[PDB]
S.K.: 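One structure follows; several queries about it will come next.
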Amino acid sequence: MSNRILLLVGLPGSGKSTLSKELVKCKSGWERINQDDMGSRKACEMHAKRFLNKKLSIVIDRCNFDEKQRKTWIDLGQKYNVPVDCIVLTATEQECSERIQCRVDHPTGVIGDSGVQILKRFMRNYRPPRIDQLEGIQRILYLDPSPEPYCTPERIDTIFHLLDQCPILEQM
Ligand SMILES: Nc1nc2c(ncn2[C@@H]2O[C@H](COP(=O)(O)OP(=O)(O)O)[C@@H](O)[C@H]2O)c(=O)[nH]1
Ligand SMILES: [Mg+2]
């Protein structure tokens with residue numbers, strides 16, 4: 001089938017919303033799941049089921065910061081027999097700190113010097129997926145930041161091409 005669950009993993013300020021907003025703009029048949037606008041994680045799940053029932057692809061724009069957080073979405077993939085691909089945004093804590101410092105307001109409340117302190121607290125819990133330890137993810141792309149702060153349609157195409165060159169970890 002044409003559809004997938006795309007799990008974004010990355011720190012606050014790493015660029016998850018930038019990528020996901022451009023993706024749904026650029027490519028037919030994609031919906032963005034986001035809790036800071038959606039309401040609750042159950043509401044995210046509810047919307048995800050509705051979209052998968054329509055055979056849509058979904059991009060999970062959440063930090064997806066450890067194995068237990070990712071399991072929600074991997075279980076959903078298994079139930080629907082829909083593959084789970086993952087993009088890990090490889091911005092460092094210092095890069096994200098600098099970006100957060102530049103926010104004046106934000107739906108997450110991770111803003112400015114307050115936001116920097118939040119990020120520091122978060123680092124205790126951030127456990128991105130490893131190629132070895134198998135969670136049921138099909139492929140993992142580790143995506144370097146672009147020099148530019150915006151995401152183009154061309155970047156979206158580059159990303160999907162890079163993802164296609166990633167080895168299959170768990171076969172459908
Ligand atoms: N230089 C650079 N900036 C990015 C990139 N991706 C996002 N940004 C910038 O980093 C900031 C945080 O991005 P955001 O999408 O809000 O991060 P999120 O918290 O992970 O949703 C934004 O100002 C973006 O323009 C990237 O690949 N490279
Ligand atoms: Mg965001």
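Position 1 is the first residue of the sequence; numbering continues from there. As the structure lists them, so they are numbered: ligands from 1, and atoms in each ligand from 1.
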S.K.: For the 3.5 Å polar cut-off, considering only N or O atoms, please tell me whether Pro145 and ligand 1 meet it.
M.R.: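 Between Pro145 and ligand 1 (N or O atoms, distance only) the closest approach is not under 3.5 Å.
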S.K.: Going by the side-chain contact (heavy atoms from CB on, under 4.5 Å) test, name the single residue among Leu6, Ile5, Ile87 that passes it with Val59.
M.R.: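 Filter result, single survivor: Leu6.
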S.K.: Enumerate the atoms of ligand 1 whose separation from the nearest heavy atom of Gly15 is less than 4.0 angstrom.
M.R.: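 Atoms satisfying the 4.0 Å criterion: 6 (N), 7 (C), 13 (O), 14 (P), 15 (O), 17 (O), 18 (P), 20 (O).
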S.K.: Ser146 versus ligand 1: do any nitrogen or oxygen atoms come within less than 3.5 Å of each other?
M.R.: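 N/O-N/O distance under 3.5 Å: yes.
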S.K.: Once side chain to side chain donor-acceptor pair (under 3.5 Å) is applied, what residue pairs with a partner in residues 156-167 remain, sequence neighbours excluded?
M.R.: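 Every side chain to side chain donor-acceptor pair (under 3.5 Å) pair that includes a residue of residues 156-167, provided the two are not neighbours, is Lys27-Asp157, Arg139-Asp164.
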S.K.: Which of the protein's N, O or S atoms come within less than 2.8 Å of the Mg ion (ligand 2), not counting waters?
M.R.: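 Counting only protein N, O or S atoms under 2.8 Å from the Mg ion (ligand 2), the list reads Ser17 OG.
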S.K.: Students often mix this up, so state it plainly: with edges at 30° and 60°, are the rings of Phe65 and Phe122 parallel, tilted or perpendicular?
M.R.: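 Geometry flag for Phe122 against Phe65: perpendicular rings.
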S.K.: Could you tell me whether ligand 1 has any atom less than 4.0 Å away from a heavy atom of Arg103?
M.R.: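 For ligand 1, residue contact (heavy atoms, under 4.0 Å) with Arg103 is present.
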S.K.: With no hydrogens and no angle check, is any side-chain donor or acceptor of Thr18 less than 3.5 Å from a backbone partner on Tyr150?
M.R.: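 No, because the side chain of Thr18 does not come within donor-acceptor range (under 3.5 Å) of the backbone of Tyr150.
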S.K.: In a check of side-chain contact (heavy atoms from CB on, under 4.5 Å) between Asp61 and each of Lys21, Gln35, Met38, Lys16, which one passes?
M.R.: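 Only one of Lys21, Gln35, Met38, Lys16 forms a side-chain contact (heavy atoms from CB on, under 4.5 Å) with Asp61, namely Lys16.
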S.K.: Ignoring angles and geometry beyond distance, decide whether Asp61 reaches within less than 3.5 Å of ligand 1 through its nitrogen or oxygen atoms.
M.R.: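 N/O-N/O distance under 3.5 Å: no.
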S.K.: Considering both backbone and side-chain atoms of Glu148, is one of its nitrogen or oxygen atoms within less than 3.5 Å of a nitrogen or oxygen in ligand 1?
M.R.: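 N/O-N/O distance under 3.5 Å: yes.
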S.K.: Quick one: closest heavy-atom pair of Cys166 and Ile140, and the distance?
M.R.: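 Reported closest heavy-atom pair: SG-O, 3.4 Å.
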S.K.: Which ligand 1 atoms are under 4.0 Å away from a heavy-atom of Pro147?
M.R.: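 Contacts of ligand 1 toward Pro147, numbered from 1: 1 (N).
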S.K.: Among protein heavy atoms, which lies nearest atom 12 (C) of ligand 1, and at what distance?
M.R.: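 Heavy-atom neighbour on the protein nearest atom 12 (C) of ligand 1: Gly13 O, 3.4 Å.
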S.K.: If every non-hydrogen atom of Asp37 is compared with every non-hydrogen atom of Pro107, which pair is closest and at what distance?
M.R.: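 Closest heavy-atom pair between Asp37 and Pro107: OD1-CB, 3.9 Å.
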S.K.: With a cut-off of 4.0 Å, which atoms of ligand 1 are near a heavy atom of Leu11?
M.R.: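 Once the distances to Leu11 are compared, the set is 20 (O).
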S.K.: To which protein heavy atom is atom 22 (C) of ligand 1 closest, and what is the distance rounded to 0.1 Å?
M.R.: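 The closest heavy atom on the protein side is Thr18 OG1, 4.1 Å.
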S.K.: Where do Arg32 and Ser17 come nearest, in terms of heavy atoms and distance?
M.R.: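 That would be NH2-OG, 3.7 Å.
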S.K.: Taking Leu7 as the starting point, is it possible to reach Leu163 by hopping between hydrophobic residues whose side chains are less than 4.5 Å apart?
M.R.: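 Result: no, two separate clusters.
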S.K.: Between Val116 and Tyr126, is there a shared hydrophobic cluster once you connect ILVMFWY residues whose side-chain heavy atoms come closer than 4.5 Å?
M.R.: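 No.
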S.K.: Around atom CD of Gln117, are there more than 12 heavy atoms of other residues, nucleotides or ligands at under 6.0 Å?
M.R.: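 Result for CD/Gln117: open.
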S.K.: Evaluate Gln69 against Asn64 for side chain to side chain donor-acceptor pair (under 3.5 Å), listing each step before the verdict.
M.R.: CA-CA 5 Å; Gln69 304 287 122; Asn64 289 310; 5.8 Å; no
S.K.: How far is atom 3 (N) of ligand 1 from the closest protein heavy atom, and which atom is that?
M.R.: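 That would be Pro149 CA, 3.4 Å.
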S.K.: Residue-level breakdown please: for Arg99 versus ligand 1, do any non-hydrogen atoms fall below 4.0 Å on the side chain, on the backbone, on both, or on neither?
M.R.: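 Only the side chain of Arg99 comes within reach of ligand 1.
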